[PDB]
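**Student:** Sending over a structure as structure tokens; questions will come in a sec.
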Amino acid sequence: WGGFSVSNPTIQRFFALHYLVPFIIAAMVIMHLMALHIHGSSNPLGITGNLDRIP
Amino acid sequence: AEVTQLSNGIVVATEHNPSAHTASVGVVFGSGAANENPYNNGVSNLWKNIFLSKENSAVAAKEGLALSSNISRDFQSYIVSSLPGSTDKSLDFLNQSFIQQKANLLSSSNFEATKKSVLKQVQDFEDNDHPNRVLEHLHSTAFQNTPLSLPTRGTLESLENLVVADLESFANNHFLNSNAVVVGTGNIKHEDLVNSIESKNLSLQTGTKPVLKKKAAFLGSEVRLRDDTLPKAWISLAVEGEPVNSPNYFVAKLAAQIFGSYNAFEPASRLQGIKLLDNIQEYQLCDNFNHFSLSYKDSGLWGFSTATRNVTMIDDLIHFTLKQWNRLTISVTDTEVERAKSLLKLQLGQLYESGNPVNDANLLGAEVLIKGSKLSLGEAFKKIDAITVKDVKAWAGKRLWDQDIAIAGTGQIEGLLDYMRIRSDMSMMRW
Ligand code: HEC
């Protein structure tokens with residue numbers, strides 16, 4: 001809170017933080033994609049896709 | 001360089017060449033695989049095989065004669081080679097096999113021994129001759145449900161179910177007179193042969209015409225014969241080309257010469273003046289390739305064929321090649337056109353004038369059957385030299401730019417991308 005209760009130090013740090021976090025999500029989204037790229041997407045049949053892929 | 005041809009009852013065509021050592025005579029029919037059906041497909045190949053059978057072949061051999069035959073899409077031909085003196089004994093063997101023995105060659109002991117040979121033959125083809133197997137399939141999908149789609153050697157299924165009655169049925173419908181041309185090449189004179197022919201009369205099924213059908217049409221499509229056990233990838237790709245007797249028969253044939261053919265192992269091949277080689281040689285995209293402008297009566301195929309062991313870069317092979325073809329519509333240079341002219345003449349020469357009369361016979365018969373006459377080699381050169389950059393550009397803008405294609409391949413073709421990817425490369429983005 002930065003004080004006795006939710007006040008001026010609270011909302012101002014919350015704004016600073018609201019701006020920061022989205023860029024951490026972006027970096028996390030890149031790691032998500034990196035992990036997806038090593039084995040590729042799955043498919044509705046639940047089996048391998050290696051025998052018939054399209055660009 | 002003389003194209004002599006006269007009609008009395010039978011249309012006789014000859015092309016004499018003094019110094020020859022030998023002479024060849026025979027008949028060429030205006031009907032081939034493009035006249036068969038999906039079910040009697042392979043009849044013509046069968047005929048060729050009995051005409052060359054051990055029995056019939058031994059008869060002409062005693063006489064000092066040699067046999068040769070070739071089945072194509074639009075035509076068929078039976079030829080007997082001999083010395084310049086026995087130019088008459090060939091005419092006896094020709095008539096003896098097409099009238100007298102048109103029932104002796106078809107015995108139940110000959111036909112069965114022959115059928116067993118074409119079956120091991122066509123089978124062997126499909127099991128090992130990959131490049132031709134692919135080119136054959138290219139015609140198969142490009143012209144599907146239409147005449148040109150039928151393979152010349154016939155299918156193993158229509159073959160093993162073919163009977164003697166079918167041979168006769170086909171023979172009685174296409175081996176007619178109005179659909180024939182007696183050819184004579186080697187050294188013998190036009191007036192020398194025409195006499196020995198107008199001597200023996202008899203028409204044998206005159207006035208009869210072969211059946212008609214539906215015109216051949218091109219269809220953008222593909223057939224993929226994946227086989228991961230083969231050590232290479234063989235692919236053929238093409239657009240609808242030009243038919244024989246087309247205003248652009250030559251522009252097209254010239255356009256193919258620009259990219260020509262290549263063999264990565266022959267040092268001189270690597271040095272050719274083809275821009276495409278700068279792109280494919282860096283990572284060695286293929287062992288070889290060869291362009292072509294195949295022409296037939298109703299249609300044709302313009303494209304190339306290639307074989308490669310670089311199975312992880314096939315998309316680059318196809319991409320670079322198709323980018324080069326884009327140029328024919330927008331940036332082909334004068335010197336590229338000129339380099340082509342020279343090289344086209346050289347190859348067209350070596351074909352129309354080799355030291356083998358049998359090739360001359362086929363070419364002569366085939367041409368006279370479609371356009372009632374043969375175009376002299378010198379007459380061709382005049383047309384070839386007349387081609388401007390503007391001609392190539394107008395042709396490509398009609399046949400190559402943003403046009404459907406046909407594909408076919410076998411072997412390790414996992415790397416050959418989808419149709420729409422290849423299809424998209426038939427053009428370029430612009431403002
Ligand atoms: C709790 C799970 C979870 C969350 C939340 C998540 N993902 Fe995914 N994502 C997956 C899984 C698992 C796959 C693999 C899907 C498959 O192939 O079956 C996937 C696949 C993908 C794909 C491939 C295409 C698809 O939709 O299957 C993309 C793109 C992707 N995620 C983007 C994102 C982005 C952007 C966010 C959010 C900012 C996100 N994901 C959040 C689980 C998640």
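How things are named: the first chain in the structure tokens is A, the next is B, and so on; residues count from 1 in each chain; ligands count from 1 in the order shown.
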With DSSP run on the backbone, what are the alpha helix (DSSP H) residues within chain A? I'd like them as an MDAnalysis selection string.

**Tutor:** chainID A and resid 8:39

**Student:** Just want the residues within 10 Å of ligand 1, written as a ChimeraX atom specification, counting only C-alpha atoms and all ligand atoms.

**Tutor:** /A:22,25-30,32-33,35-37,39-44,46

**Student:** So that I can see what lies close to residue 233 (chain B), please list as an MDAnalysis selection string the residues with an atom at most 8 Å from it, counting only C-alpha atoms and leaving out residues fewer than 2 positions away in the same chain.

**Tutor:** chainID B and resid 230:231 235 307:309 311 409:413

**Student:** Just the selected residues (C-alpha atoms), exported as a PDB file, in the first residue's frame, please.

**Tutor:**
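Result file part.pdb:
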ATOM      1  CA  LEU B 230      14.117 -44.495 -53.679  1.00  0.00           C
ATOM      2  CA  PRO B 231      17.453 -42.648 -53.342  1.00  0.00           C
ATOM      3  CA  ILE B 235       9.804 -34.399 -60.700  1.00  0.00           C
ATOM      4  CA  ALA B 307      16.286 -35.314 -60.564  1.00  0.00           C
ATOM      5  CA  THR B 308      17.826 -34.528 -57.155  1.00  0.00           C
ATOM      6  CA  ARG B 309      19.412 -36.006 -54.031  1.00  0.00           C
ATOM      7  CA  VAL B 311      15.852 -33.755 -50.551  1.00  0.00           C
ATOM      8  CA  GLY B 409       6.947 -36.991 -59.144  1.00  0.00           C
ATOM      9  CA  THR B 410       8.228 -40.085 -57.377  1.00  0.00           C
ATOM     10  CA  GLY B 411      10.890 -40.876 -54.796  1.00  0.00           C
ATOM     11  CA  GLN B 412      11.690 -38.735 -51.743  1.00  0.00           C
ATOM     12  CA  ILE B 413       9.231 -35.929 -52.601  1.00  0.00           C
TER      13      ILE B 413
END

**Student:** For chain A, list the residues within 12 Å of chain B, counting only C-alpha atoms, and write the list as an MDAnalysis selection string.

**Tutor:** chainID A and resid 50:55

**Student:** Out of B:299, B:284, B:41, B:205, which residue has the shortest atom-to-atom distance to residue 249 (chain B) when counting only C-alpha atoms?

**Tutor:** B:299

**Student:** Can you tell me, as a list in words, what residues are no more than 6 Å from region 34-38 of chain B when counting only C-alpha atoms, ignoring any on the same chain fewer than 6 positions away?

**Tutor:**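 Everything that qualifies: residues 73, 74, 147 and 148 of chain B.
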
**Student:** Can those selected residues be exported to a file as a CSV table (one decimal), in the first residue's frame so that it contains N, CA and C atoms?

**Tutor:**
chain,number,residue,atom,x,y,z
B,73,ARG,N,2.1,-41.3,-79.4
B,73,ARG,CA,0.8,-40.9,-79.1
B,73,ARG,C,-0.1,-40.6,-80.3
B,74,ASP,N,0.4,-39.8,-81.3
B,74,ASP,CA,-0.4,-39.5,-82.5
B,74,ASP,C,-0.2,-40.5,-83.6
B,147,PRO,N,-7.6,-38.3,-74.6
B,147,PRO,CA,-6.6,-39.0,-75.4
B,147,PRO,C,-5.1,-39.1,-75.0
B,148,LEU,N,-4.5,-37.9,-74.9
B,148,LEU,CA,-3.1,-37.8,-74.5
B,148,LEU,C,-2.7,-38.4,-73.2

**Student:** With only C-alpha atoms as the basis for distance, which of B:12, B:3, B:226, B:280 is at the shortest distance from residue 379 (chain B)?

**Tutor:** B:3

**Student:** Skip residue 207 (chain B) itself and residues of its chain fewer than 4 positions away, then list as a PyMOL selection string all residues within 12 Å of it, counting only C-alpha atoms.

**Tutor:** chain B and resi 9-10+173+176-179+203

**Student:** Rank nothing, just name the residue among B:266, B:25, B:99, B:89 nearest to residue 68 (chain B), using only C-alpha atoms.

**Tutor:** B:25
